[PDB]
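Chains as they are written, first to last, in full-length UniProt numbering: chain A, 115 to 259; chain B, 115 to 259; chain C, 21 to 328; chain D, 6 to 328; chain E, 22 to 328; chain F, 21 to 328; chain G, 6 to 328.
All C-beta atoms in this analysis are idealised placements derived from N, C-alpha and C, irrespective of residue type, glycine included.
Presented below is the structure to which this report refers.
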Amino acid sequence: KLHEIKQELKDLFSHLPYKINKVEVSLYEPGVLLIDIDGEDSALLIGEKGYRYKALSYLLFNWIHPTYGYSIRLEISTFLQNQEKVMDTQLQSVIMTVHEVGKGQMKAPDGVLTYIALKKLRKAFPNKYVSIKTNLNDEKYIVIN
Amino acid sequence: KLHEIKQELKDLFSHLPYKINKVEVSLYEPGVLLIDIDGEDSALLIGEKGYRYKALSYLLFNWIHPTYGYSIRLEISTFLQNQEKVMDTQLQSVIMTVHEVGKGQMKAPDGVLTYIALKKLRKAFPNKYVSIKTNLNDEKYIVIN
Amino acid sequence: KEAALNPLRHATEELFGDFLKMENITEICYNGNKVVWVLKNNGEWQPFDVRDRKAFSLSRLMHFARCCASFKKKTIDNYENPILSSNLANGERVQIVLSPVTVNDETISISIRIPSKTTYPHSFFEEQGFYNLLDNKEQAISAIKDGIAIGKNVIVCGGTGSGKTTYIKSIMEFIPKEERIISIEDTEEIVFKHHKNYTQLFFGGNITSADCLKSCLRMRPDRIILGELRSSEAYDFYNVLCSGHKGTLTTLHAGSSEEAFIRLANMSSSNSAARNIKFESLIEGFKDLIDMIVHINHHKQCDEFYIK
Amino acid sequence: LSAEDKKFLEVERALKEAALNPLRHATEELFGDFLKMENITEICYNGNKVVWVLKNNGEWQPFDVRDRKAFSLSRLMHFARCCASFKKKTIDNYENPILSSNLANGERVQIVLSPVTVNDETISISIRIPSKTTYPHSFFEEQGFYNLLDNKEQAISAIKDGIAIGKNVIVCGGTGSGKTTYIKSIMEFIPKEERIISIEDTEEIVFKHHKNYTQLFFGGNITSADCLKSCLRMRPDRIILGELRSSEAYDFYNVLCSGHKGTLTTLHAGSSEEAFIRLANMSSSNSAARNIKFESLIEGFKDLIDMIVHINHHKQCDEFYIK
Amino acid sequence: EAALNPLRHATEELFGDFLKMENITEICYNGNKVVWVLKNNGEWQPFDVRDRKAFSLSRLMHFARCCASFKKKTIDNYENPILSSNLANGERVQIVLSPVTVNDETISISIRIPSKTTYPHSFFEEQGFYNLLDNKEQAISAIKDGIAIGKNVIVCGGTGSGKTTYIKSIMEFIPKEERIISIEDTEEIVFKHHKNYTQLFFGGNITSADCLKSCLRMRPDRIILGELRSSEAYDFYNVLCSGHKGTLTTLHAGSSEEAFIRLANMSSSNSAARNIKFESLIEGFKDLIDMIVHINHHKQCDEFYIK
Amino acid sequence: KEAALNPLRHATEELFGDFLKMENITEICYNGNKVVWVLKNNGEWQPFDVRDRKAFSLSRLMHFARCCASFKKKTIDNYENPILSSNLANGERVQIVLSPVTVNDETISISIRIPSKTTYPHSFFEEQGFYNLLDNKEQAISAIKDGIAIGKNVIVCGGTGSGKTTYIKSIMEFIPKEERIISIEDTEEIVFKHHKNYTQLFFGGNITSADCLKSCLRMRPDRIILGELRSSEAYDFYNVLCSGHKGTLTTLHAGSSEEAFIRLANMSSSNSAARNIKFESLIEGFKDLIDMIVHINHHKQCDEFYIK
Amino acid sequence: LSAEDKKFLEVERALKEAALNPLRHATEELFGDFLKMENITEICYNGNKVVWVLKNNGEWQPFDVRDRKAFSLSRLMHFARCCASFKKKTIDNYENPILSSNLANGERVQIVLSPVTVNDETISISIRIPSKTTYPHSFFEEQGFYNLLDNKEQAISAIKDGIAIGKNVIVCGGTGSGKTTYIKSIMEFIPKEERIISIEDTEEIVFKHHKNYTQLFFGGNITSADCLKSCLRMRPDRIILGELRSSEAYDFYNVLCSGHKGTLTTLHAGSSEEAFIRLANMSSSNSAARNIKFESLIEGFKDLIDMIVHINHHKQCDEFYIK
């Protein structure tokens, strides 16, 4: 399966040229594949404020999860690891409100950042109901009670 | 606090003689104290099918938790770690049903064994609802769905 | 089974052996103060002092309680489980209560229900004037005999000691011998004097009364005899009725027919599957399906015979 | 083996005492002098250096405690935290400023903190003292309990004969009407041969005319309904339910429906009609009753309650409801 | 007192002149260099503070953070632009910042000043409170004898009718031996005739219903519920049934018949009232309420209802 | 603020600049097919072809959409967030819809609501025959003038473009100048021509309309003006009414007075705090508290004036 | 920058096509020959080597597939799993033996497995084919659509004039009554100057007389109610709601209450009275309607629905309800 995925991603990246040098597919966690892409044209796949990265991460999920049964971790250069480090600050600030109060909330981050945040908050906080609720302004928040 | 607890348990074990050799009080987990008691008269504190061990574990909680804010882990000889090992067989067997099906159940074990079982089942099984429900027969079961 | 059985049998004999051998008794009670109270069939409580008996100590009573608990794979203690419902070795019901639910450290409450195990013919009931108080006397006897022959849903209600199970056994004559019977019980009380094709089901531990009700629907019964209605299984009992098998017999604690219906709906309501159903709809459903209700008074006579 | 069990009981008693000691000490430090007073029903602290004591005769008496180290804020917060932790609760100046708990001998404590009270230096405490002294029914007849009723001797006969034959009786009034003291006096008229089972949270009911009885007590994870369920499996002739407060009122309704006569209970109400409303409202919070019309709940109690005795604020019956 | 000092100085520097004013009930700043004070007579008085360095945005933000810090809360221009807190003594403060306020330069501050005045009931008599009534002297006797003996009384009328003012004056007729528990949003009731009392306050995650429940466990002789607003009317109803004497409360209503209807409708919005008919509720209140005093916009009684 | 502001302003000008400069318009729509539709005040839709404009490409429209989203700290994409409600720089409302909610890959829907920012005196409404259709004409004008002076709860209802906010501004004359006003809005529309003591509140992001309603109760208002009722905050609005301040003004979409009440209860019902309240009780509650409802028809005239 | 966005669109399309390919291939393998047939409404497989095709004229035609490798059990289970995973669902022989999903071009698929079907070798599949061909209203007039009505020309005028003035119209009937084909024909009578917004799950409605329009589509985490909420912020003159199925019927009720006229929708019903019942029952499953009396729900729709056209099984109107 890992072979078919990589064969299709290399396939695709030369039916429409990007300067793409690495496309690795590997097992990352139980049921999760790491898709790792780099090159000179890496920032062209990240896009204005990571919109293309987000598009790609959904599109890779919608292909790989229905066909191969795996969820996805996408990395383009060091984009995701930077986003995870940035998110880590606010996310420890939340965990310390939920331990000094018991109640907390942080605005849902962009794309799969929300789902990474969910697992991390769900891990500090058994036993507490970490879920994603939406407000009257249609703004999504991860809420802990 | 650790000093006052040990001072009271040695105190008591010689106002009413047991051949009690070690009485240690130490920090075990965040918010949990290990109370470790041994001696020749150790099986006399475990009692017929662990009834005295269960009584002691509740009574130590009811004293130490309201007074000092700590939960407790009681050990008399090797009693508890034997019970945890026996419980581990059935418990690995329950999680294999809940992974091959999604739904599972095991009868609530005696005393604090239930609570040890709860945390262990609550740990393999984020994100799933582990709770203790009661039968029409008034029989308690730990239920996962 | 007999590793767990022997300790309980000897502990029972040691404590209550002299009282369990007594004839025509319905209840044995201990209130934690050296007195064994026996309730006789004639309704008199008789106190027996046991302060002179070495057998009655706090530790022996506590050993008996744990033996009683273990026999039914249950636990009893002064902590999370101070209330116990269990059985003696031969099956008689035992209610045990410990501190902190009793008044102090040294108080153990024990209540033993003595079953009336003797089986009377229905002719004996007729002769003793079971139906004699009734205005609708002859229509009641005809409804019992002809109604149960065709296949009707009947409830026998009354208080404790009124002889509901006894009366149930007697009316089983009128179920045709050809019919397959399935009974559902806590303890073995129902007997099969007239039927060769039958299966007894018993609930306990993981298997609830409701699991037995669901099972019986896949065991092709002609008649379903449910020992007693107590709580949430009344909703599952209603489902048994809705699948229209030939007939059912059951018992319930109620003071009248109208109280029986209220009671059935109340028991069904406390079921999770009924949480958004109108109480009216529950009552009405039972009123649709129940054909006769026999209320037995405290003197073991029918004082109301409801016929739909 | 009995000697080992007898020995382990002393281990249990020592550990129970160890648990209760900080509460027992904090209680004595603050309210020792007041809890020792004769004929008291309530002790109140209002957060301004005055302890208020309510006597059985209805008189409030103030006591200055400005001189006492025990009525410092931190000593009062210590006491509150002991109370809270004793019933596995928390009390704080944030999400849990209201506490309902108990003292060691089982008296009820109500504690209120800032921001529910007027300022951060105000702590409110109310201790209810259980009905202790037992009066014979002759005391009620002698002291004018029935004097307001225009059918005095007929009403007294009705209560005596109704209790004797096994009628379902409710005694109602406000706090300090002497509800419980009165229930106990009329237990005289239950035939001595009847097996009584009482259900309370603390020991108030006394058994002076009956030998076959069991007292059941609820608290913590044991509810009144758990005791009522157990009670029905214990072959009682008479069930005395100390007080109705919430959802167990519908458990009590089902008992009445189960063909059980001769129940005796109390609730807080201002008349017989208010008792029925109160019964239906308390029953409403119960599982089985969640989809039941209020009007059906009311009519159900009215079909089953035989007598209601209401007691006024001067400890006299002003209404003797008979069905 | 150290952590109770930088707030004191911050409050002193900004609102010192206004807080020392007599007979005031509210202080408002609307971000536009004008301090608005509401007097007890119901009039707003503007005070221009443009010529003050103390009302700078940096100064106002320091004050805001002090109020936040004092109650262990936060206030910023992002997730937390709205703050409910207290000044050092205890007066309630509401602070609103951008982006909830109109622009960059706008802070909103509202300070609620507790009442410490009570009018005597003799004031109401001589100001002609009972003069619209054909049964004037009977009505005066009835309210005095009724409150004394423990009758359930409702005082109703609209905003500015003096409902609370009147209900505070009739407290004179509650015997001084009575233990009183009051339930309020804001501190209006003043205890001048009773030494045994406790005040209960709701707000935030503490409801009026919570205080009512607590109140029943606090051995009261009289319960004074400041005002009836919605679903707590059902909890109020159960209090009227629990065997207490002489509950006092206020209500926005235009007559006794409107009061009962409003009482029934308020109760019906309680979750626990789901299965009760409107008809049972209204007849219930009618059976329990002894007196209704309706006051008009002229602050006079124009209906004296007796059961 | 201006780092996020500049991109959006230039993108707006590039695309819709010629249309936003148009006078007496109420709506600008793009349907993803090179035509800008303008709805005029007289009710005519006018199509403008923009196929010859380089400014209109998929990428430029998509850049504008993201700029519009970021300005209000929101996101728009073809994945979890293909529907957007946001604002232009000067505050006009923007609805953007993307694929897969639109018909294909290359279709972007844009709807811009043009506010009528002009403020008319109430005398102008009277003179143009706003109340002229009414049978209860003179009682309506008296209720508007005297009723709002004393302090009453009024709702102005009607469809989009009916001029509800405009009418609201006009009736504010009749709130005495001494009264403290608090308004709660999505966008700044209400003006204060007669009142010096006022505070404007605006909801967005973490702060909901309901948070503003709760806040205003602790800011000592005499009058509360809620811009519009849309959903669950109708329950919080009802609480604002129950704490009986002097008066409130609000708007709502409804076809009549009776539909206004249904609509208020419907919006309140979808609130979690109202999940076990009878719909009847919700309606009745609003019927108790609402004093006048003014319905404005599609021709900007009152065709129903409900007075309690 | 436009050239980079234009290029990335091709990456998105390639990745979308990659996702759909296993479903598109499994579909062609099994049903390719049948999906290519002209004038078809439904394709059914019943688990016994016969594919049943339902034509537009109402005729069922069987086709033997015993010879085809594609109708093996494992190939049918492969297809079912592709269908399931496409709508983020699972299908199995245990807890999920029933599946409602879609094919790539949006046609609805219903799959049933053992143990809901007769045995382990029985797989049930039902594919609904969307209403494709667009007929003018003249076709309905020419082919006898109105012939059963005893007021033929008056009813035709009423529909034309009612649609023109902005009456709320519902077209109902059973499956294959031609509800949607008929809605489309009467769109002729909406003034050409009106801005229409349609809401569907797949593209069926065609715009032949209107230039100012937007189509909205629901699916996945976008609900019909999400589209309706957006629709109200898009300044429509006319709202066409393809079909009412469940809780969005009450969202539709609130739209009618919001002063919006000129709505057009369809539902499954056997008459106008059955349409109102069906409307009330669908509305019941909604949040706002959970505590609303069924009778109030019914009367609410009856005050707001202007016309209901019911179509029988022979594609004729048998009831023309006018308010």
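Reference residue i, options the options, closest by Cα
i: residue 251 of chain A; options: F:281, F:251 and F:324; result: F:251
i: residue 321 of chain G; options: G:105, G:176 and G:306; result: G:176
i: residue 240 of chain F; options: E:29, E:31, E:41 and E:46; result: E:46
i: residue 288 of chain D; options: D:269, D:249, D:264 and D:273; result: D:249
i: residue 3 of chain D; options: D:150, D:70 and D:191; result: This structure cannot settle anything about residue 3 of chain D, because the visible part of chain D is limited to 6 through 328.
i: residue 75 of chain F; options: F:37, F:317 and F:104; result: F:37
i: residue 108 of chain C; options: C:53, C:44, C:259 and C:40; result: C:40
i: residue 255 of chain C; options: C:302, C:221 and C:273; result: C:302
Those residues which DSSP pairs with residue i across a bridge
i: residue 324 of chain C; result: C:315
i: residue 187 of chain C; result: Paired residue(s): none; residue 187 of chain C is not in a bridge.
i: residue 152 of chain A; result: A:136
i: residue 56 of chain D; result: D:50 and D:68
Interface partners of residue i on chain F, CB under 8 Å
i: residue 75 of chain G; result: Going along chain F, no residue has its Cβ under 8 Å from residue 75 of chain G, so there is no contact; the nearest lies around 30 Å.
Proximal residues of chain B, C-beta to C-beta of residue i below 7 Å
i: residue 15 of chain D; result: 130
Residues near residue i in its chain [Cβ-Cβ closer than 6 Å; skip 5 each side]
i: residue 218 of chain D; result: 201 and 212
i: residue 111 of chain G; result: 207
i: residue 88 of chain F; result: 106 and 114
i: residue 130 of chain C; result: 50 and 116
Chain-ordered neighbours of residue i on chain D, where CB pairs are closer than 8 Å
i: residue 19 of chain E; result: Because chain E here runs from 22 to 328, residue 19 of chain E falls outside it and cannot be looked at.
i: residue 67 of chain C; result: 216 and 217
Spatial neighbours of residue i in its chain, beta-carbon cut-off 7 Å, leaving aside the 5 residues before and after
i: residue 90 of chain C; result: 24
i: residue 145 of chain B; result: 184 and 185
i: residue 326 of chain D; result: 277, 312 and 313
Where residue i meets chain C, residues with beta-carbon distance less than 7 Å
i: residue 259 of chain B; result: Chain C residues near residue 259 of chain B: none, gap ~13 Å exceeds 7 Å.
Contact list for residue i against chain B, beta-carbon separation under 8 Å
i: residue 144 of chain A; result: Within 8 Å Cβ-Cβ: nothing; residue 144 of chain A doesn't reach chain B, min ~11 Å.
C-beta neighbour in chain I for residue i, strict 8 Å
i: residue 222 of chain D; result: In the displayed structure, chain I is absent; the protein chains listed are A, B, C, D, E, F and G.
Beta-carbon neighbours of residue i, restricted to chain G and to distances below 7 Å
i: residue 181 of chain A; result: 27
Contact list for residue i against chain D, beta-carbon separation under 7 Å
i: residue 274 of chain C; result: 262, 263 and 264
The region 158–177 of chain A: positions lying closer than 8 Å to chain F by Cβ: Taking 8 Å as the Cβ-Cβ cut-off against chain F, the residues of the region 158–177 of chain A that qualify are 162, 163, 165, 168, 169 and 172.
Short-range partners of chain B found in the region 81–93 of chain D, where Cβ spacing is below 7 Å: If the cut-off is 7 Å between Cβ atoms, the region 81–93 of chain D has 90 and 91 near chain B.
Contact residues within the region 219–233 of chain A, judged by C-beta distance below 7 Å to chain F: Residues of the region 219–233 of chain A that bring their beta carbon within less than 7 Å of a beta carbon in chain F comprise 224, in sequence order.
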